[PDB]
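Chemist:
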Amino acid sequence: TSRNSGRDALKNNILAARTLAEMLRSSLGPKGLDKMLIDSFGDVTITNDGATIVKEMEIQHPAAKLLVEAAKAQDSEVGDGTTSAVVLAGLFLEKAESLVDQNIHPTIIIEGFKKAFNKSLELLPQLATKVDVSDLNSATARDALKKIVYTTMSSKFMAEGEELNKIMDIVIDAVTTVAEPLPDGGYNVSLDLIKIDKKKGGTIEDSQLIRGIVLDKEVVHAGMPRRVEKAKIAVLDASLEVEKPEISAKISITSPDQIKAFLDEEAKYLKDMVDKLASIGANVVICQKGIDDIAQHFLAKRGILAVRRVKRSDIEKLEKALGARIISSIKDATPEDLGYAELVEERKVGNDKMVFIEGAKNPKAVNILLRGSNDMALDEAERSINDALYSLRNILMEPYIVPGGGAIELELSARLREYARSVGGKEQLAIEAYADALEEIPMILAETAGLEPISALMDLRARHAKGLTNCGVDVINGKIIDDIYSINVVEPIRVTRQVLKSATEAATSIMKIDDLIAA
Amino acid sequence: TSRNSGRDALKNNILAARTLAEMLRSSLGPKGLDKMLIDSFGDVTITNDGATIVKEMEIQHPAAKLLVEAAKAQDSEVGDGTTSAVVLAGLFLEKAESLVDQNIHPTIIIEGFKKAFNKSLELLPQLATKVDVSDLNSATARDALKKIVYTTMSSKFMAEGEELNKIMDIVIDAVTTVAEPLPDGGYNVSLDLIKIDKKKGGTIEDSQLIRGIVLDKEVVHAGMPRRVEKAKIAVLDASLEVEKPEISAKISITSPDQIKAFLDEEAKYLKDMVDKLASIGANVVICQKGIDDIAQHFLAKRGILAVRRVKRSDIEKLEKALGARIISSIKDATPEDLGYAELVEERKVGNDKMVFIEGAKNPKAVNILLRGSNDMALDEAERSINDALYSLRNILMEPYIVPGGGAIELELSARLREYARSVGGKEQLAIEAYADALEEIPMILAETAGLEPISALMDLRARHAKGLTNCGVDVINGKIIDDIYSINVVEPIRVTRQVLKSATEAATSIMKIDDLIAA
Amino acid sequence: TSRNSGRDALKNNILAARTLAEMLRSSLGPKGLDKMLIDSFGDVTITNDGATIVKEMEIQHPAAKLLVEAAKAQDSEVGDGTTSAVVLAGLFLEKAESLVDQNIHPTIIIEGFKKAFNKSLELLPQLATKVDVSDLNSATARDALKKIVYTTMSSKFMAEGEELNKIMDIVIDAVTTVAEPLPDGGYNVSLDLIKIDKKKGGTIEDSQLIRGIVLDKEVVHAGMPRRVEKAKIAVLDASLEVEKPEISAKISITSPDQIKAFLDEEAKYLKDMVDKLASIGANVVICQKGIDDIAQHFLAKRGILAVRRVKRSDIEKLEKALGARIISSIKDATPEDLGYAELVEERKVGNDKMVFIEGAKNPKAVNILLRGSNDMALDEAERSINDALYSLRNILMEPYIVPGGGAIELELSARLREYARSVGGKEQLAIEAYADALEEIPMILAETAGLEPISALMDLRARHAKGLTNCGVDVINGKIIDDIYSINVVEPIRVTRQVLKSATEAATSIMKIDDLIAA
């Protein structure tokens, strides 16, 4: 029975978190290193994505399992920032151990890091830049939004991609349109109701928006119509297949006429169901479940276009964009649950059939068709559209931008080694150690990119002090570079705020934790 | 065989409680540390709850198994004092081991602790302060109640949170009105008639009391009304399905009409049951089991709003609030078992449907609807309110308050070392060792906060002696502080007196026990 | 090899001294218990003396090897107190270890111990009772002196011994005259110049002082005088045998006549040696080596009373008492190194012959003849005179007495628990632990006498509060008793003060030392 007391556990849980952190940090910055991760059934996985590397890995040390939940939540917000937050938690934790070493006590270290965080939060509206709510209907002149969706793409893929960024910028500007504004001055951004389909056999300039939903599923039957104009769409929850009685019996039959009459009873149940769809005035129908083969014959006879197995995600999207509030009971044929589209057709794209519903009054749910050559350039173009949207949801939900890893971090360190001077007690040691951790940002960027770190740090300090506090480094040209917003490299403020929060919350928790009793 | 002789079992039974204590004292106070408890299924659980961690963990010393049932029982009474009550038992016990070391017979050591305690007990109503029933109406002058609800929130958390304190305070004001007052000078507070439902998608300012009960639960078929005005309520213990006859047989059918004739016989039973309810006068019904589909048609035709699966606790509330005395038997149709509601409707909270019964004469049983943001602040606000209602039930069921955890302890220890002079024999040493035990509380508060315990105690000692007896300690600015009650920090008498009652119980029992025979 | 950190080395050295203290506590006081120490040659040894128990034993813990040197040096001053003195060091030391458990750095404890001891030293002359000067001639009234001498004898034997005591009082009183006095309560006292001879076959009552030296050795050849009046005493460190030629040879002589002439050559050198003595005019001769037969023939012829082989100690006393100055050089015949006696005779005590020099101008050096029955009553009577002379030299060099072991300590212990109240820091904590050690003196003298110690402690605490500070413990009838000087029991202040110096010296020392490097 392994027992523990006496700061013994804290040295074991700092050690696990430092080991997790200094392994994801070789895979941090834009020029860093990808890991390979092999699965139980042998599948190989290469990524530098740091919430993916923990996911693709069985986690053997309990302190490392807690740190992983912090990354998961952060990855839904910023899929780069979530690596960065794990390293930041780690670099916070080894200043916490130095302070323990000096005997400052973990509670006092916890309260001095929180007090450092409070100063950081009243410094992130002053030192940050606010670009305001609207340039001429949210996106005209574009600039500030243009800069963060370019910067994020340039950091997360590197090299040149100017003929990819302009199509992504247009695609982003159309998603920006969906979203609308408040006297909070952010935007209602629903990336949930956004849907992207990628199809071979074109080029990226050949991507387009649809103001309605596109369905991959089959119209399935030869007799059906394949294009509908001024389409009234029923979305149906229930199966288009007959339901058995409450209590019931079956027997084996030879005798072939009574088998034909069982079928003919079941066909007057499907033809009843169809008459109900057609009674509503339904021209299209969408069915979440199967549709029986007889019911498809009668839907084509009434001149009505059916789709089969439409997946769960596509049904919320089809609701929110057309107004179809979705029939529960075929029998009740419910009459106002009918939605509206300008047009509905089956189109071949990339040779695959696809049914496109388009022309929709005020949808929060649109579909983007993403064309390219074969597959690797298309997967890469989806990922680019994803990362750009996630950056857009941070600038939209707060119109503040800030540069990342060069200016802010150094200014926070210098204002804090002025704050800690007005601060007295064994609280000044925690504020000045929190500042030192900020200086551990900055010089690690220059080291992932293969530069000397201690000379880059000293040189950033010396230019920030005798020159100005806006300096940073250019990873693409790989050198120290004056006023980094003038170099056009900026982040949404919500990626800063959220990764400094999830680093001060997680490091506070490994200090806050002592005993361990295991079954 | 395991043997025991010569105070052997007892030294080992003291050892068990001291080793339990020396691990539990680190999560006792409100700068403390979180413990870790790992499942046999690999689920890690980090919490600062120490009475839960002993209850949940296998106990291999029989004298720690005795102490868990008391720890368990006390956690429904209070949530900070029960970790402390466990530690408190040790602190009298390790002064008894010294007395035992000085060869003093265990009867005399017991009898002086009993005397010391009787002296403390006639001093806790005298040094103690009474605020009576009220200062205005029930709760309007709030005062005493404001300090215990703000203090408890502070102990169970210890960080900023005033816009939560006022809202939780309004909930406490609302609950007292329900209570209503006794000639003792208490109130009749019952957590067994209190109900809190928490729902996402707004804020805590959108919390309210309800005069009746809210059922999360389904009102069934679409065809019934979703609101009833001047509702006559049946609560029914049986199913609305047709039960099995007296003597019973199973027959194999493959004729399809003689199965439909069995179903239509069942349908004349269900249409009866529904006619019965409507003869009783009932407009609404609660059915504590399943409802047949045939009967949901018959209820919707007779215009009766039925609700399904209302759990046993909720049912008790519906009885108390509606004057419903509950149909045991539909067959007897029994017609004065009927309650009365001003209205019953289905309403959405946080998008989700919920059935609310409200407008209830002289309601003793209330439903609180707790809106919140997403899940973590809302979950935390439900937990904060629970701990504040349990602290309101302590203050309400005895209108005595005290400045415990600093002042009460130093005043008692100094009164005992005057009492103990006036007593003779080895009984006088038990009274001064009991005094000495009150002194290990208080300074342990100083060690938890990262300060020097022995230096706090000696400084606290002179300041209570030349200064003033209501000296405490502040763990927000981290200092010894004169008049602690004046800084809005007081304790109900009942968390102190009771945990001092069950710790003197625990230490008296472990003194009374010798051999150990196990089969 | 074994390393140490974390306070370990110092904890392990407290344990060695704490075991030594609790092993010497079984031989604490005159009711105590004897140990058995068997030699490697098989001599079995039974004793209660702690300077002897420590000496006969192989000391295997270094801190206890440190403690052996303090016992030795104290044993030169007094022999009962020194048994108490090994325990006293531990008894402070085991309060030092409690203060370390309190986290108190050893430095603070040393400086605090120093301050308890400094308070005790300005109270040990104020609480003390002063006998003053030499109290009329040779202490003629005796009283105080009778009590310090009885107390030491009463302690090292118990029982009666009254008819031994009275003769011992005639011997102390004759010894007191020898002693001669110095300013301000000083004395000149020499037990190194005191010589005791014991002869059997009479009564204790027949013991006497001699104001001259008694020689156990013999006057040699029968032809020498048996009594000499107005003797000129030559003392010779040189043989009265040849001392060999300067440069020489050794051969085998056959030659009978040359054998006689070599023999006659040796005889003229002895006769020379006598003629040098006879030219000085010597009547007695003392030889610390042998005397040749020829030289004894020539000593009888000149009329000279010679003793042969007398030991080195006896010569220092005869030199001082006769005015002699001791010849190594018979050849220089240097006539002023010659001492003077009124008389020298050979005299019978018992059946033994003895040579007595008596009749001495101005002795500060006397010889005592101790007669008794057989042997055991004389050996016990020697031990008693020894122990009594070591107590007398302590009242004589400082004429202050105290009721120590009951009075003095409790009055210090009540002053210190009032003193530590006016005291601050962890220096009050160190003083209140010293006050507690004083309570460990006093009750162990009552557990030894066979009673319960903790009941005895409270009853003296109370006695010192309702009545007066001068009570002590009766172990001869096993009770506590008012005014202990009236029972005839008191210590010389220098036997209490020195054994309390050497315990506060020891315990301070074991606290100042760390680490252990062993080669």
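Protein chains in written order, with the deposited numbering: chain L, 14 to 532; chain K, 14 to 532; chain C, 14 to 532.
The C-beta atom is built at its ideal place from N, Cα and C for all residues, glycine as well.
Anything in chain K within Cβ reach of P466(L), meaning under 9 Å, just list it in chain order.
Modeler: Stepping through the first sequence from its first residue, residue 466(L) is reached at position 453. In chain order: nothing, as chain K lies at least about 35 Å away.
Chemist: Whole angstroms are fine: how far does the CA of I117(K) sit from the CA of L442(K)?
Modeler: In the second sequence, counting from the first residue as 1, residue 442(K) sits at position 429. In the second sequence, counting from the first residue as 1, residue 117(K) sits at position 104. When rounded, the distance between both Cα atoms is 9 Å.
Chemist: Compare the beta carbon distance of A433(K) and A448(K) with 8 Å and say whether it is the shorter of the two.
Modeler: For the purposes of this step, residue 433(K) is taken as residue 420 along the second sequence, with counting starting at 1. For the purposes of this step, residue 448(K) is taken as residue 435 along the second sequence, with counting starting at 1. Against a cut-off of 8 Å, the Cβ pair of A448(K) and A433(K) comes out as a contact.
Chemist: What three-state label does DSSP hand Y353(C) in the structure shown?
Modeler: Reading the third sequence from its first residue, position 340 is the one you call residue 353(C). Of the three classes helix, strand and coil, the one that applies to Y353(C) here is strand, per DSSP.
Chemist: For a cutoff of 8 Å on Cβ pairs, would you count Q115(K) as touching chain C?
Modeler: Here residue 115(K) corresponds to residue number 102 of the second sequence, with the count starting at 1. At least one chain C Cβ lies under 8 Å of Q115(K).
Chemist: For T482(K) and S499(K), what's the separation of their Cα atoms in angstroms?
Modeler: Taking the first residue of the second sequence as position 1, residue 482(K) is located at position 469. Taking the first residue of the second sequence as position 1, residue 499(K) is located at position 486. The alpha-carbon atoms of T482(K) and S499(K) are separated by roughly 13 Å.
Chemist: Quick check: the Cα distance between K330(K) and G214(K), rounded to an integer number of angstroms?
Modeler: Position 317 of the second sequence, counted from the first residue, corresponds to residue 330(K). Position 201 of the second sequence, counted from the first residue, corresponds to residue 214(K). Approximately 27 Å between the Cα atoms of the pair.
Chemist: Return no unless some Cβ of chain K is closer than 8 Å to the Cβ of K85(L).
Modeler: Here the question's residue 85(L) lines up with position 72 in the first sequence. No, no contact with chain K.
Chemist: Since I506(C) contacts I370(C) with CB under 8 Å, what's their CB separation in whole angstroms?
Modeler: To locate residue 506(C), count along the third sequence from 1; it is residue 493. To locate residue 370(C), count along the third sequence from 1; it is residue 357. The pair is not a contact, with the Cβ atoms about 38 Å apart (cut-off 8 Å).
Chemist: Taking the CB atoms as reference points, tell me whether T60(C) and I51(C) lie closer together than 8 Å.
Modeler: As a working mapping, residue 60(C) is identified with position 47 in the third sequence. As a working mapping, residue 51(C) is identified with position 38 in the third sequence. Cβ atoms of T60(C) and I51(C): not closer than 8 Å.
Chemist: Buried or exposed for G463(C), please, with buried defined as at least 16 other CB atoms from any protein chain shown within 10 angstroms of its CB.
Modeler: For the purposes of this step, residue 463(C) is taken as residue 450 along the third sequence, with counting starting at 1. Burial call: exposed.
Chemist: Answer with yes or no whether the minimum CB distance from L80(L) to chain K is below 8 Å.
Modeler: On the first sequence, position 67 is the one that residue 80(L) refers to. Not an interface residue.
Chemist: At a cut of 8 Å, does the region 33-42 of chain L reach the region 455-470 of chain L through at least three beta carbon pairs?
Modeler: The region 33-42 of chain L vs the region 455-470 of chain L: in contact.
Chemist: Between the Cα of residue 615(L) and the Cα atoms of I343(L), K439(L) and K132(L), which residue gives the shortest distance?
Modeler: This structure does not reach residue 615(L), given that chain L is present from 14 up to 532, and the question cannot be answered.
Chemist: Does any residue of chain K have a CB that is nearer than 8 Å to the CB of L529(L)?
Modeler: The sequence position of residue 529(L) within the first sequence is 516, counting from 1. Interface residue, yes.
Chemist: For the candidate residues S89(C), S53(C), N26(C) and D56(C), whose alpha-carbon lies nearest to that of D400(C)?
Modeler: Mapped onto the third sequence, residue 400(C) falls at position 387. Nearest of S89(C), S53(C), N26(C) and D56(C) to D400(C), Cα basis: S89(C).
Chemist: Should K179(C) be labelled buried (16 or more other beta-carbon atoms within 10 Å of its own) or exposed?
Modeler: Locating residue 179(C) in the third sequence gives position 166, counting from the first residue. So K179(C) ends up on the exposed side.
Chemist: Answer with yes or no whether the minimum CB distance from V233(K) to chain L is below 8 Å.
Modeler: Start at 1 with the first residue of the second sequence, and residue 233(K) comes out as number 220. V233(K) does not count as touching chain L.
Chemist: So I72(L) is in the beta strand (DSSP E); what residue range does that whole segment cover?
Modeler: Working through the first sequence from its first residue, we reach residue 72(L) at position 59. No beta strand (DSSP E) contains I72(L), which DSSP labels as neither H nor E.
Chemist: Can you confirm whether the region 162-173 of chain K touches the region 195-210 of chain K when touching is taken to mean that 3 or more C-beta pairs between the two stretches lie within less than 8 Å?
Modeler: As far as the Cβ criterion goes, the region 195-210 of chain K does not touch the region 162-173 of chain K, which means the pair count is below three.
Chemist: My parser needs the alpha helix (DSSP H) runs of 4 or more residues fully inside the region 252-327 of chain C; what are they?
Modeler: 269-293 and 306-314, all fully within the region 252-327 of chain C.
Chemist: Less than 8 Å between CB atoms is the rule here; does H74(L) satisfy it with respect to chain K?
Modeler: Along the first sequence, read from residue 1 onward, the residue named residue 74(L) stands at position 61. No, its Cβ sits nowhere closer than 8 Å to a Cβ of chain K.
Chemist: With a floor of 4 residues, list each alpha helix (DSSP H) that falls wholly inside the region 141-189 of chain K, ordered by position along the chain.
Modeler: Those alpha helix (DSSP H) runs which fall completely within the region 141-189 of chain K and span 4+ residues are 157-168.
Chemist: With a cut-off of 8 Å on the beta carbons, I'd call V357(K) and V233(K) a contact; round off their distance for me.
Modeler: Your numbering for residue 357(K) matches position 344 in the second sequence. Your numbering for residue 233(K) matches position 220 in the second sequence. Rounded, the Cβ-Cβ distance is 13 Å, inconsistent with contact.
Chemist: So, does the CB of residue 542(L) fall closer than 8 Å to a CB anywhere in chain K?
Modeler: Residue 542(L) cannot be examined here, being either before or after the span of chain L that is shown, 14 to 532.
Chemist: What does DSSP give as the partner residues of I207(K) in its beta bridges?
Modeler: Counting from one through the second sequence, the residue named residue 207(K) turns up at place 194. According to DSSP, which records beta bridges pairwise, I207(K) is partnered with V379(K).
Chemist: Determine the chain K residues that contact residue 9(L) at a beta-carbon separation under 7 Å, and present them in chain order.
Modeler: Any answer about residue 9(L) is impossible in this case: the structure gives chain L only from 14 up to 532.
Chemist: Check the Cβ of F275(K) against every Cβ in chain L and list those closer than 7 Å, keeping chain order.
Modeler: Here the question's residue 275(K) lines up with position 262 in the second sequence. Within chain L, the residues near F275(K) are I260.
Chemist: What residues of chain L sit near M70(K), judged by a beta carbon separation below 8 Å?
Modeler: Counting from 1 along the second sequence, the entry for residue 70(K) is found at position 57. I530 and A532, listed in chain order.
Chemist: At which residues does the beta strand (DSSP E) containing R338(C) begin and terminate?
Modeler: Position 325 of the third sequence, counting from 1, holds the residue named residue 338(C). That residue, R338(C), is in no beta strand (DSSP E); it is neither H nor E in DSSP.
Chemist: Where does residue 553(L) fall in DSSP's three states?
Modeler: Nothing about residue 553(L) can be read from this structure; chain L reaches only from 14 to 532.
Chemist: Verify whether the separation of the beta carbon atoms of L335(K) and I246(K) is less than 8 Å.
Modeler: Working through the second sequence from its first residue, we reach residue 335(K) at position 322. Working through the second sequence from its first residue, we reach residue 246(K) at position 233. It is a contact, given that the beta carbons lie within the stated cut-off.
Chemist: Assign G316(L) to one of two classes, buried (16 or more other C-beta atoms within 10 Å of its C-beta) or exposed (fewer than that).
Modeler: The residue given as residue 316(L) occupies position 303 in the first sequence. The residue is exposed, with fewer than 16 neighbouring Cβ atoms inside 10 Å.
Chemist: On the CB-based measure, 16 or more other CB atoms within 10 Å of its CB, does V508(K) come out buried or exposed?
Modeler: Taking the first residue of the second sequence as 1, we reach residue 508(K) at position 495. Per the 10 Å Cβ criterion, buried.
Chemist: Where does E35(C) fall in DSSP's three states?
Modeler: One-based indexing of the third sequence puts residue 35(C) at position 22. Here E35(C) sits in helix by DSSP.
Chemist: Against chain L, does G463(K) count as a neighbour if the rule is that its beta carbon must be under 8 Å from one of theirs?
Modeler: Here residue 463(K) refers to the residue found at position 450 when the second sequence is read from its first residue. Chain L, which has a Cβ nearer than 8 Å to the Cβ of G463(K), makes this yes.
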